[PDB]
Amino acid sequence: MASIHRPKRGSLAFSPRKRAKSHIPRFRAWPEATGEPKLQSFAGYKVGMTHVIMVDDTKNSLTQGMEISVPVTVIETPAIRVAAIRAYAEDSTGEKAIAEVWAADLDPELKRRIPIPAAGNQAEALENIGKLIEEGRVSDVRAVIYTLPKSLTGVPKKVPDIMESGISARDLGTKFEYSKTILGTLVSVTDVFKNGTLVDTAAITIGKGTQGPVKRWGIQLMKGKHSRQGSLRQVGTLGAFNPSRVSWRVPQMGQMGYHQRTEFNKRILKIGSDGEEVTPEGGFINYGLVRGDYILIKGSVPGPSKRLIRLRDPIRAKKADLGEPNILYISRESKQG
Amino acid sequence: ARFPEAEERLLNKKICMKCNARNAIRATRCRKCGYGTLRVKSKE
Amino acid sequence: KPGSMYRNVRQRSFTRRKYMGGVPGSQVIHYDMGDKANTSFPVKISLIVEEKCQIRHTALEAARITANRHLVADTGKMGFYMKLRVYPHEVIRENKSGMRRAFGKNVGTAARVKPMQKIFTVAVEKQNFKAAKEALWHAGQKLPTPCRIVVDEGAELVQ
Amino acid sequence: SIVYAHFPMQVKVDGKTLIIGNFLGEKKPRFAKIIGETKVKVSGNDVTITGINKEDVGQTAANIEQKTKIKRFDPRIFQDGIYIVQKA
Amino acid sequence: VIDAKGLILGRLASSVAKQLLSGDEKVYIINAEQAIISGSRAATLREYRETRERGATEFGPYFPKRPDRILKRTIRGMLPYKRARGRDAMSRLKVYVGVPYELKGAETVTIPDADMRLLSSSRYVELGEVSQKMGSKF
Amino acid sequence: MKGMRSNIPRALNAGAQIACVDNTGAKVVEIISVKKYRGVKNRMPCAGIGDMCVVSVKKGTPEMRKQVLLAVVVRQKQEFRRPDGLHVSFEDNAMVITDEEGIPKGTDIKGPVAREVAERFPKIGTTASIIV
RNA sequence: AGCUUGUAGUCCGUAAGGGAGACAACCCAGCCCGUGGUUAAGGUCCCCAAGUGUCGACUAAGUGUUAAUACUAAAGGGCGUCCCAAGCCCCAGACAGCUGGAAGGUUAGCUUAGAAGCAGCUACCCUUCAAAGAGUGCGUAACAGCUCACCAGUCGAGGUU
RNA sequence: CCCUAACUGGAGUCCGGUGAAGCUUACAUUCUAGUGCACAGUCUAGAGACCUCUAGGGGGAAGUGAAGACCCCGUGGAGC
RNA sequence: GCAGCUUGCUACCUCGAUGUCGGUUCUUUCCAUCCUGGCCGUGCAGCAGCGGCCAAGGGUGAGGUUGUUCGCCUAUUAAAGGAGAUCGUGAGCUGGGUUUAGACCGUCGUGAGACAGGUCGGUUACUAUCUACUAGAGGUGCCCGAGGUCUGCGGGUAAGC
RNA sequence: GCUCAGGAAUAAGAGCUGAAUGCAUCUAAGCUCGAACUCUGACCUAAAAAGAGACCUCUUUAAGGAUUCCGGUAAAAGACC
Ligand SMILES: [Mg+2]
Ligand SMILES: [Mg+2]
Ligand SMILES: [Mg+2]
Ligand SMILES: [Mg+2]
Ligand SMILES: [Zn+2]
């Protein structure tokens, strides 16, 4: 039979397609440290989109030296608190948590997520970790941070979000010293990312609920005379005669949306401090207006408004150091009508 | 350009007449299939 | 038809000319080669068979042609005396309905053999023995059975 | 020994590698590894390779010869690179 | 405990399987990553690659990658693991990569049969090499 | 070919009839195929501004009629955006009979043509009079 | 052709039980019930009862680990490896190398200028010395040397068909 | 049709009331190869499998409906 | 000699029914390689060819006639490869052809009728019991009681060509 | 709007060292390179991994969980925030 070849419908690199087990994106891989100690991640909340007019400066690009319009996503980033230090041990069966020390001072609203740890061992526990590193058992150190969404207004929740980050250094002793220095303090977004650099974004995407094969995998409808015979948006065949089973690679209906996704090489265009420079007339739709400091990201970002966005320094970047963008105009038109 | 060393180490070898594998000079047997007859790499 | 269609000996012989009909002729023209009038070759080697089978006449003709060419090219026109031995007396029939009255009709002729039975024989001098072996080895390549070469007379001379 | 027709070659020892620059109109220079302590010296159109390990020097020479082979033309008309005039 | 330092794989597995089935205390195989598998390099690699990529995703054979998992699977085949006797036997076997901390300094014994000294030639590979060729970090 | 600063949707579709706007001697043409387009299953070939495509003459002088030729699109009714942010559109599609390189057989072009074909094919730019 | 049609014996049909992975007709066995004992076919690393059994060799391919069998690949080749026999040269000295020699004449007959040992008749081109050639090849209009065949000094034990 | 998208009303999804029929030797959470009247969920050897429930389209149960309408046979019929 | 992808041969299964040809949709397997990756030879200057070896990751399209498979033709294209899955796929679709009952043309027959020749017309049934798969939940098992943050035995991928 | 490599081990193949067979030889041991293939690295999922996990905190007539109530970044019912 003279068959006409067609690429497979949809991608099997994301299966099974089920609801994310949490509302907070989790990072599986941390980059390699190539500089002084610092955190490798940050968190914020998505607001909406605008566009800016910036003098093009991408090297070797066609549109170099002339004005362009770019879509940007505005992200609110109130300062985070470093609440704990965690130590990991390496063996045959991979890393294993072996110690944690919490900060003495914490926010009273953290009681909504977990009961507040009490100030027991602080100096003795830290020196315990130091002795462990001194006897060459500890391999790496990670920091535990949370957000403080009570300062914002467009986000209804008042309970913090807890997650683990990574410190970037060239030695375990340096990581431990830096973690001791920064433990139990507030870290601003400027201390993590420099303006003009690239980042990686993770977030839970918008949920569409249960969807059929056509909208879930993008299969073809029924064409022509077949479009009015009873099956229009159903799949053609569920399999062959043999094997006598339906393969897992056949398109079917189920959950669509609310998965975890990652975007690569998004550029940071502006680190702001005052919210009046991005707020349109009438505020953003369904959000309100910006009150704290923010950040502008070139392009789009996964997830809807009022969703938590995690950021980490690039893991597969190609291009060399880019530079500070030259923003000329930031659109503050009404998003409404 | 015909030079002594280049021709010495480039086109001074025998060729199997069945699988086209190149062999040494003082040989009578393809090292990979054992065919009896070997010709010589074509000159100019 | 293919060679293996008529090569096994499973059924009785079928050779009486006066009962069957319409047997096609043969291609092999002469059964003696080279210097027939000479009788003073001290070495007499021959090609023998290792298994019972049937040889078509076309295979015998091809083997004879190739041996003739090799021997004449190397030994010389007067330096040998080749002689084929087995003549094709059998008859081959090919059905041509289905199995309804499946009895066949004559299509060719074949020569049955027996294990260790001589087929060819070449006589040469002492200086052309290797050429004789070289010639007899190609002839057995066209033949439908495994074949070995035996030096019958003058074994002490060559060996 | 070195041979070339039109494009002069810059054989330069640097670190544990031998860099071949401008080979048949080449912008990306090729790299040949040096095995062991096999000290090599470049002098005009010839290369001498010293050492105390026989397999080591042999493999170093083999790498240098194999890196500089032009693999899309005819050996009759193109004959360039480094060739061994005498084994170890 | 049994030290798998330089022992034939099938010989070791057969002895351990039989003396598990006889009924006793549990057994421990340590250093189960330099056990020997006699045979040429290419043939061993080819057979293990074909064993690895053979199943169907929902219900096909899931051949393990880790070295101690491979040794356990090899012993699992010389044993009626579907019956009650076999399941009880499988409950008393523990193969470790390297040396676990609790079995540190423990008294060892060996199977005198399965010895690489009892091999004619030098045509063999070690189990960790096949484990790393199959893509396992151990 | 050389990249364009702007982004052009592929509006016209294989089977479309365009009104050629030069003085070569043809009025209407029929897009047969598009140069440098692979495609996928069931998808008709499509062409946009600055795309060289083979056509057929449907209305014109008897000598030119029934001839397979090459031509490019100079205008299209489907909108496309400038580099600095703006959308441009026309009232009607148009095409000019040319050669493989880009020399138009006609020495006179009627009406405006998009500036992007003027940059991609300089000859069309020079032969035109008004560019928008 | 696990096709069709004969014939002798024995079977399945109508035949348990034991062994072959399962197996109508293949091997042991033709069978009333209960208990003890020894064997047949077949097996004895584990699954699985009983040998990680003994003696002498072979295979390096996971080849093989498959009585019969409707279930198991051929011609041809192998300076792969293990054996037998037959010839030939041989420590006063065989083979592979180290060496040079291959000098007398010739530049062989050759019309093209030239196929001058290597297009095309011939013959050992030396009376003579290991060698000396009508002679393969890098070279080669022709050659030419470099030198093929072919012997000679040289090592120092088996070599070769 | 390229190439599909949004929307409207009736069903469906969820809740209350009412309330049937048709396949059914038994068991049954399966998948691969072999074997077997040569097209096995049940035999042989492996591989997998914690149980219950809801929604969904129909891969398989050589799915169900039915003593084949095609071919042959019957010293069976009818019409012409 | 291999394959069983064309046509034959046989009559082992199915006549108290295993729903035919082609196309459409969707998934997968083989390599005996059309393009993409790597090599070898050439009577390979370069460009481009010719022949062979490894390699099945990705790609292999749009249209005119015809029911067609097959095949011819057109303009592109890196190329527009061939086969298997009950000649994959009718409890998914279609009904163009073949295969009922009606009628016409030609040829046979004395005639009823026939064609293995052509042409026009001609109903596509079912509420899913079991299993498989796609997603969503409730339990029980491990466990001091609860919460949080992680590791990673394993599974998937083309995520790029 | 984004959509990479780099590395390890290899196939055909190209070499080094090297004897049986004094020499020579890519192979008989041994070694070095070598593909859109394989593995690793990115990415999605994953303590119901029966070897059924690690660490920390809060508290054992409490911590904490559910139902009622006002809602939506979620939603066929459940679940989730
Ligand atoms: Mg009987
Ligand atoms: Mg029986
Ligand atoms: Mg009768
Ligand atoms: Mg069906
Ligand atoms: Zn060869």
# chains A, B, ... in the order shown; residues from 1 in each chain; ligands from 1

$ interface_residues --of "chain I" --to "chain E" --cutoff "9 Å" --atoms "only C-alpha atoms (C1' of nucleotides)" --output "PyMOL selection string"
chain I and resi 153-155

$ select_by_dssp --residues "chain B" --states "alpha helix (DSSP H)" --output "PyMOL selection string"
chain B and resi 4-10

$ write_last_selection --atoms "N, CA and C atoms" --output "short mmCIF file (atom, residue, chain, number, x, y, z; two decimals), in the first residue's frame"
data_model
loop_
_atom_site.label_atom_id
_atom_site.label_comp_id
_atom_site.auth_asym_id
_atom_site.auth_seq_id
_atom_site.Cartn_x
_atom_site.Cartn_y
_atom_site.Cartn_z
N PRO B 4 58.36 12.55 -3.32
CA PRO B 4 58.73 11.17 -2.97
C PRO B 4 57.99 10.63 -1.76
N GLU B 5 58.01 11.38 -0.66
CA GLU B 5 57.43 10.90 0.59
C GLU B 5 55.92 10.73 0.48
N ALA B 6 55.25 11.67 -0.18
CA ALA B 6 53.80 11.60 -0.30
C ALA B 6 53.38 10.35 -1.07
N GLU B 7 54.04 10.08 -2.20
CA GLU B 7 53.73 8.86 -2.93
C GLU B 7 54.14 7.62 -2.15
N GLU B 8 55.20 7.73 -1.35
CA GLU B 8 55.65 6.60 -0.55
C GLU B 8 54.58 6.17 0.45
N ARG B 9 53.97 7.13 1.14
CA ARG B 9 53.02 6.82 2.20
C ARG B 9 51.56 7.01 1.80
N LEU B 10 51.28 7.28 0.53
CA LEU B 10 49.92 7.49 0.07
C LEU B 10 49.47 6.48 -0.97
#

$ closest_residue --among "H:31, H:37, H:51, H:61" --to "chain E" --atoms "only C-alpha atoms (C1' of nucleotides)"
H:31

$ select_by_dssp --residues "range 2-132 of chain F" --states "strand (DSSP E or B)" --output "ChimeraX atom specification"
/F:7,12-13,17-20,22,26-30,33-34,46-47,52-60,68-75,80-81,87-88,94-98,104,109,113,131

$ residues_near_ligand --ligand "ligand 4" --cutoff "12 Å" --atoms "only C-alpha atoms (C1' of nucleotides) and all ligand atoms" --output "PDB file with N, CA and C atoms (P, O5', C5', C4', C3', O3' and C1' of nucleotides), in the first residue's frame"
ATOM      1  N   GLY A 236      -9.221   8.402  14.481  1.00  0.00           N
ATOM      2  CA  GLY A 236      -9.514   7.471  13.411  1.00  0.00           C
ATOM      3  C   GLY A 236      -9.575   6.024  13.841  1.00  0.00           C
ATOM      4  N   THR A 237      -8.439   5.458  14.239  1.00  0.00           N
ATOM      5  CA  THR A 237      -8.355   4.059  14.625  1.00  0.00           C
ATOM      6  C   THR A 237      -7.560   3.948  15.915  1.00  0.00           C
ATOM      7  N   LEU A 238      -7.995   3.058  16.800  1.00  0.00           N
ATOM      8  CA  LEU A 238      -7.322   2.842  18.070  1.00  0.00           C
ATOM      9  C   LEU A 238      -6.210   1.810  17.984  1.00  0.00           C
ATOM     10  N   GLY A 239      -6.029   1.173  16.843  1.00  0.00           N
ATOM     11  CA  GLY A 239      -4.964   0.207  16.692  1.00  0.00           C
ATOM     12  C   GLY A 239      -5.255  -0.739  15.549  1.00  0.00           C
ATOM     13  N   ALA A 240      -4.320  -1.661  15.352  1.00  0.00           N
ATOM     14  CA  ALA A 240      -4.430  -2.672  14.319  1.00  0.00           C
ATOM     15  C   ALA A 240      -5.128  -3.909  14.873  1.00  0.00           C
ATOM     16  N   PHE A 241      -5.285  -4.928  14.030  1.00  0.00           N
ATOM     17  CA  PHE A 241      -5.896  -6.164  14.502  1.00  0.00           C
ATOM     18  C   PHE A 241      -4.985  -6.863  15.502  1.00  0.00           C
ATOM     19  N   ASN A 242      -3.688  -6.916  15.205  1.00  0.00           N
ATOM     20  CA  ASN A 242      -2.634  -7.443  16.059  1.00  0.00           C
ATOM     21  C   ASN A 242      -1.511  -6.421  16.160  1.00  0.00           C
ATOM     22  N   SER A 244      -3.395  -7.205  19.898  1.00  0.00           N
ATOM     23  CA  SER A 244      -4.764  -6.970  20.341  1.00  0.00           C
ATOM     24  C   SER A 244      -4.782  -6.062  21.569  1.00  0.00           C
TER      25      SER A 244
ATOM     26  P     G H  58     -16.262   5.518  19.091  1.00  0.00           P
ATOM     27  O5'   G H  58     -14.925   4.711  18.783  1.00  0.00           O
ATOM     28  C5'   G H  58     -14.949   3.374  18.300  1.00  0.00           C
ATOM     29  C4'   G H  58     -13.767   2.586  18.802  1.00  0.00           C
ATOM     30  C3'   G H  58     -13.753   1.120  18.401  1.00  0.00           C
ATOM     31  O3'   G H  58     -12.406   0.650  18.305  1.00  0.00           O
ATOM     32  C1'   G H  58     -13.952   1.294  20.750  1.00  0.00           C
ATOM     33  P     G H  59     -11.591   0.765  16.929  1.00  0.00           P
ATOM     34  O5'   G H  59     -10.246  -0.028  17.207  1.00  0.00           O
ATOM     35  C5'   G H  59     -10.293  -1.413  17.487  1.00  0.00           C
ATOM     36  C4'   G H  59      -8.965  -1.972  17.923  1.00  0.00           C
ATOM     37  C3'   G H  59      -9.000  -3.428  18.344  1.00  0.00           C
ATOM     38  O3'   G H  59      -8.952  -4.327  17.252  1.00  0.00           O
ATOM     39  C1'   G H  59      -7.921  -2.190  20.009  1.00  0.00           C
ATOM     40  P     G H  60     -10.212  -5.263  16.929  1.00  0.00           P
ATOM     41  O5'   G H  60     -10.056  -6.473  17.940  1.00  0.00           O
ATOM     42  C5'   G H  60      -8.938  -7.339  17.878  1.00  0.00           C
ATOM     43  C4'   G H  60      -8.772  -8.121  19.155  1.00  0.00           C
ATOM     44  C3'   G H  60      -9.903  -9.055  19.536  1.00  0.00           C
ATOM     45  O3'   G H  60      -9.904 -10.271  18.815  1.00  0.00           O
ATOM     46  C1'   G H  60      -9.243  -7.827  21.426  1.00  0.00           C
ATOM     47  P     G H  63     -15.769 -12.705  16.421  1.00  0.00           P
ATOM     48  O5'   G H  63     -16.390 -11.992  17.699  1.00  0.00           O
ATOM     49  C5'   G H  63     -16.014 -12.378  19.011  1.00  0.00           C
ATOM     50  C4'   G H  63     -16.795 -11.628  20.060  1.00  0.00           C
ATOM     51  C3'   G H  63     -18.307 -11.704  19.945  1.00  0.00           C
ATOM     52  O3'   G H  63     -18.850 -12.894  20.490  1.00  0.00           O
ATOM     53  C1'   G H  63     -17.666  -9.464  20.240  1.00  0.00           C
TER      54        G H  63
ATOM     55  P     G I  19     -16.908 -11.597  11.783  1.00  0.00           P
ATOM     56  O5'   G I  19     -17.350 -11.245  10.292  1.00  0.00           O
ATOM     57  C5'   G I  19     -16.543 -10.434   9.450  1.00  0.00           C
ATOM     58  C4'   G I  19     -17.094 -10.374   8.046  1.00  0.00           C
ATOM     59  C3'   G I  19     -16.290  -9.558   7.047  1.00  0.00           C
ATOM     60  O3'   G I  19     -15.195 -10.281   6.511  1.00  0.00           O
ATOM     61  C1'   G I  19     -18.582  -8.990   6.871  1.00  0.00           C
ATOM     62  P     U I  86      -2.933  -8.706  11.376  1.00  0.00           P
ATOM     63  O5'   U I  86      -3.706  -8.966  10.013  1.00  0.00           O
ATOM     64  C5'   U I  86      -3.217  -9.904   9.064  1.00  0.00           C
ATOM     65  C4'   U I  86      -4.330 -10.595   8.315  1.00  0.00           C
ATOM     66  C3'   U I  86      -5.509  -9.718   7.896  1.00  0.00           C
ATOM     67  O3'   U I  86      -6.024 -10.219   6.665  1.00  0.00           O
ATOM     68  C1'   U I  86      -6.293 -11.466   9.233  1.00  0.00           C
ATOM     69  P     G I  88      -4.325  -5.141   4.634  1.00  0.00           P
ATOM     70  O5'   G I  88      -3.810  -4.865   6.113  1.00  0.00           O
ATOM     71  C5'   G I  88      -3.552  -5.935   7.011  1.00  0.00           C
ATOM     72  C4'   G I  88      -3.678  -5.492   8.446  1.00  0.00           C
ATOM     73  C3'   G I  88      -4.981  -4.807   8.820  1.00  0.00           C
ATOM     74  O3'   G I  88      -6.003  -5.735   9.138  1.00  0.00           O
ATOM     75  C1'   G I  88      -3.147  -3.557   9.652  1.00  0.00           C
ATOM     76  P     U I  89      -7.489  -5.564   8.560  1.00  0.00           P
ATOM     77  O5'   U I  89      -8.002  -4.199   9.189  1.00  0.00           O
ATOM     78  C5'   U I  89      -8.391  -4.112  10.551  1.00  0.00           C
ATOM     79  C4'   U I  89      -8.522  -2.678  11.000  1.00  0.00           C
ATOM     80  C3'   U I  89      -9.560  -1.841  10.275  1.00  0.00           C
ATOM     81  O3'   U I  89     -10.867  -2.015  10.798  1.00  0.00           O
ATOM     82  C1'   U I  89      -7.530  -0.641  10.409  1.00  0.00           C
ATOM     83  P     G I  90     -11.939  -2.973  10.090  1.00  0.00           P
ATOM     84  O5'   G I  90     -12.999  -1.972   9.466  1.00  0.00           O
ATOM     85  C5'   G I  90     -13.545  -0.914  10.229  1.00  0.00           C
ATOM     86  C4'   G I  90     -14.994  -0.683   9.896  1.00  0.00           C
ATOM     87  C3'   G I  90     -15.969  -1.729  10.402  1.00  0.00           C
ATOM     88  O3'   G I  90     -16.339  -1.500  11.752  1.00  0.00           O
ATOM     89  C1'   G I  90     -16.469  -1.118   8.148  1.00  0.00           C
ATOM     90  P     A I  91     -16.345  -2.691  12.823  1.00  0.00           P
ATOM     91  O5'   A I  91     -17.223  -2.118  14.010  1.00  0.00           O
ATOM     92  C5'   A I  91     -18.615  -1.904  13.853  1.00  0.00           C
ATOM     93  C4'   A I  91     -19.303  -1.710  15.181  1.00  0.00           C
ATOM     94  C3'   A I  91     -18.601  -0.796  16.165  1.00  0.00           C
ATOM     95  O3'   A I  91     -18.826   0.570  15.887  1.00  0.00           O
ATOM     96  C1'   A I  91     -19.299  -2.754  17.278  1.00  0.00           C
ATOM     97  P     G I  92     -17.865   1.687  16.509  1.00  0.00           P
ATOM     98  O5'   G I  92     -16.426   1.375  15.894  1.00  0.00           O
ATOM     99  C5'   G I  92     -16.176   1.432  14.494  1.00  0.00           C
ATOM    100  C4'   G I  92     -15.804   2.824  14.050  1.00  0.00           C
ATOM    101  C3'   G I  92     -16.255   3.233  12.664  1.00  0.00           C
ATOM    102  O3'   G I  92     -17.635   3.544  12.597  1.00  0.00           O
ATOM    103  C1'   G I  92     -14.035   3.955  13.022  1.00  0.00           C
ATOM    104  P     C I  93     -18.529   3.059  11.353  1.00  0.00           P
ATOM    105  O5'   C I  93     -18.192   4.108  10.209  1.00  0.00           O
ATOM    106  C5'   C I  93     -18.351   5.501  10.430  1.00  0.00           C
ATOM    107  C4'   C I  93     -17.660   6.318   9.370  1.00  0.00           C
ATOM    108  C3'   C I  93     -18.108   6.079   7.944  1.00  0.00           C
ATOM    109  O3'   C I  93     -19.334   6.716   7.636  1.00  0.00           O
ATOM    110  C1'   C I  93     -15.752   6.179   8.027  1.00  0.00           C
TER     111        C I  93
END

$ interface_residues --of "chain E" --to "chain G" --cutoff "7 Å" --atoms "only C-alpha atoms (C1' of nucleotides)" --output "MDAnalysis selection string"
chainID E and resid 14 17:18 78:80

$ residues_around --residues "residue 16 in chain B" --least-positions-apart "5" --cutoff "10 Å" --atoms "only C-alpha atoms (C1' of nucleotides)" --output "PyMOL selection string"
(chain B and resi 21-23+28-41) or (chain I and resi 41)

$ write_last_selection --atoms "C-alpha atoms (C1' of nucleotides)" --output "PDB file, in the first residue's frame"
ATOM      1  CA  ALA B  21      40.526  -2.838   1.352  1.00  0.00           C
ATOM      2  CA  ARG B  22      44.086  -1.551   1.152  1.00  0.00           C
ATOM      3  CA  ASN B  23      46.897  -3.806   2.363  1.00  0.00           C
ATOM      4  CA  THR B  28      49.439 -11.918  -0.981  1.00  0.00           C
ATOM      5  CA  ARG B  29      46.304 -12.141   1.175  1.00  0.00           C
ATOM      6  CA  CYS B  30      43.661  -9.581   2.106  1.00  0.00           C
ATOM      7  CA  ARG B  31      43.842  -9.043   5.854  1.00  0.00           C
ATOM      8  CA  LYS B  32      40.050  -8.817   6.206  1.00  0.00           C
ATOM      9  CA  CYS B  33      38.654 -11.376   3.740  1.00  0.00           C
ATOM     10  CA  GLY B  34      41.675 -13.416   2.622  1.00  0.00           C
ATOM     11  CA  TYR B  35      41.151 -13.139  -1.132  1.00  0.00           C
ATOM     12  CA  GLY B  36      44.155 -14.490  -2.986  1.00  0.00           C
ATOM     13  CA  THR B  37      44.692 -11.852  -5.666  1.00  0.00           C
ATOM     14  CA  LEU B  38      45.780  -8.307  -4.821  1.00  0.00           C
ATOM     15  CA  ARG B  39      46.391  -5.561  -7.362  1.00  0.00           C
ATOM     16  CA  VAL B  40      48.376  -2.361  -6.793  1.00  0.00           C
ATOM     17  CA  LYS B  41      47.038   1.122  -6.078  1.00  0.00           C
TER      18      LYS B  41
ATOM     19  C1'   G I  41      38.020   1.923  -5.097  1.00  0.00           C
TER      20        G I  41
END

$ residues_near_ligand --ligand "ligand 2" --cutoff "10 Å" --atoms "only C-alpha atoms (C1' of nucleotides) and all ligand atoms" --output "PyMOL selection string"
chain G and resi 15-19+23

$ write_last_selection --atoms "N, CA, C and O atoms (P, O5', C5', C4', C3', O3' and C1' of nucleotides)" --output "PDB file, in the first residue's frame"
ATOM      1  P     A G  15      -9.530 -45.754  25.811  1.00  0.00           P
ATOM      2  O5'   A G  15      -8.102 -45.953  26.465  1.00  0.00           O
ATOM      3  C5'   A G  15      -6.952 -45.429  25.819  1.00  0.00           C
ATOM      4  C4'   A G  15      -5.685 -45.793  26.539  1.00  0.00           C
ATOM      5  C3'   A G  15      -4.437 -45.106  25.998  1.00  0.00           C
ATOM      6  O3'   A G  15      -3.523 -44.839  27.063  1.00  0.00           O
ATOM      7  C1'   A G  15      -4.179 -47.438  25.833  1.00  0.00           C
ATOM      8  P     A G  16      -3.033 -43.342  27.379  1.00  0.00           P
ATOM      9  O5'   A G  16      -3.010 -43.267  28.967  1.00  0.00           O
ATOM     10  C5'   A G  16      -4.182 -42.951  29.702  1.00  0.00           C
ATOM     11  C4'   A G  16      -4.279 -43.757  30.974  1.00  0.00           C
ATOM     12  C3'   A G  16      -3.201 -43.507  32.014  1.00  0.00           C
ATOM     13  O3'   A G  16      -3.475 -42.372  32.818  1.00  0.00           O
ATOM     14  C1'   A G  16      -3.517 -45.838  31.725  1.00  0.00           C
ATOM     15  P     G G  17      -2.344 -41.284  33.151  1.00  0.00           P
ATOM     16  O5'   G G  17      -1.148 -42.121  33.772  1.00  0.00           O
ATOM     17  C5'   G G  17      -1.189 -42.569  35.116  1.00  0.00           C
ATOM     18  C4'   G G  17       0.021 -43.398  35.456  1.00  0.00           C
ATOM     19  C3'   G G  17       1.367 -42.750  35.199  1.00  0.00           C
ATOM     20  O3'   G G  17       1.751 -41.840  36.210  1.00  0.00           O
ATOM     21  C1'   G G  17       1.387 -44.948  34.354  1.00  0.00           C
ATOM     22  P     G G  18       2.671 -40.580  35.848  1.00  0.00           P
ATOM     23  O5'   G G  18       4.058 -41.230  35.427  1.00  0.00           O
ATOM     24  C5'   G G  18       4.952 -41.723  36.410  1.00  0.00           C
ATOM     25  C4'   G G  18       6.270 -42.141  35.814  1.00  0.00           C
ATOM     26  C3'   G G  18       7.013 -41.091  35.016  1.00  0.00           C
ATOM     27  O3'   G G  18       7.682 -40.136  35.811  1.00  0.00           O
ATOM     28  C1'   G G  18       7.038 -43.108  33.828  1.00  0.00           C
ATOM     29  P     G G  19       7.899 -38.652  35.250  1.00  0.00           P
ATOM     30  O5'   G G  19       8.756 -38.857  33.925  1.00  0.00           O
ATOM     31  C5'   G G  19      10.106 -39.282  33.993  1.00  0.00           C
ATOM     32  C4'   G G  19      10.793 -39.216  32.652  1.00  0.00           C
ATOM     33  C3'   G G  19      10.816 -37.870  31.963  1.00  0.00           C
ATOM     34  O3'   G G  19      11.797 -37.011  32.510  1.00  0.00           O
ATOM     35  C1'   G G  19      10.367 -39.594  30.391  1.00  0.00           C
ATOM     36  P     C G  23       1.712 -33.065  26.660  1.00  0.00           P
ATOM     37  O5'   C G  23       1.951 -33.173  25.091  1.00  0.00           O
ATOM     38  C5'   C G  23       1.039 -32.600  24.159  1.00  0.00           C
ATOM     39  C4'   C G  23       1.463 -32.876  22.739  1.00  0.00           C
ATOM     40  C3'   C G  23       1.431 -34.343  22.331  1.00  0.00           C
ATOM     41  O3'   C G  23       1.144 -34.457  20.937  1.00  0.00           O
ATOM     42  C1'   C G  23       3.648 -33.545  22.209  1.00  0.00           C
TER      43        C G  23
END

$ residues_around --residues "residue 94 in chain I" --least-positions-apart "3" --cutoff "9 Å" --atoms "only C-alpha atoms (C1' of nucleotides)" --output "list in words"
residues 225 and 226 of chain A; 23, 24 and 90 of chain I

$ write_last_selection --atoms "C-alpha atoms (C1' of nucleotides)" --output "PDB file, in the first residue's frame"
ATOM      1  CA  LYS A 225     -18.241  13.808   3.358  1.00  0.00           C
ATOM      2  CA  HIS A 226     -16.912  12.216   6.550  1.00  0.00           C
TER       3      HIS A 226
ATOM      4  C1'   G I  23      -9.186   5.345  -0.561  1.00  0.00           C
ATOM      5  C1'   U I  24      -9.376   8.027   4.421  1.00  0.00           C
ATOM      6  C1'   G I  90     -16.469  -1.118   8.148  1.00  0.00           C
TER       7        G I  90
END

$ residues_near_ligand --ligand "ligand 3" --cutoff "10 Å" --atoms "only C-alpha atoms (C1' of nucleotides) and all ligand atoms" --output "PyMOL selection string"
chain H and resi 73-75

$ residues_around --residues "range 66-69 of chain A" --least-positions-apart "3" --cutoff "12 Å" --atoms "only C-alpha atoms (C1' of nucleotides)" --output "PyMOL selection string"
(chain A and resi 50-58+61-63+72+298-299+325-331) or (chain F and resi 5-6+81-86)

$ residues_around --residues "residue 28 in chain H" --least-positions-apart "3" --cutoff "10 Å" --atoms "only C-alpha atoms (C1' of nucleotides)" --output "JSON, numbers by chain"
{"H": [41, 42], "I": [130, 131]}
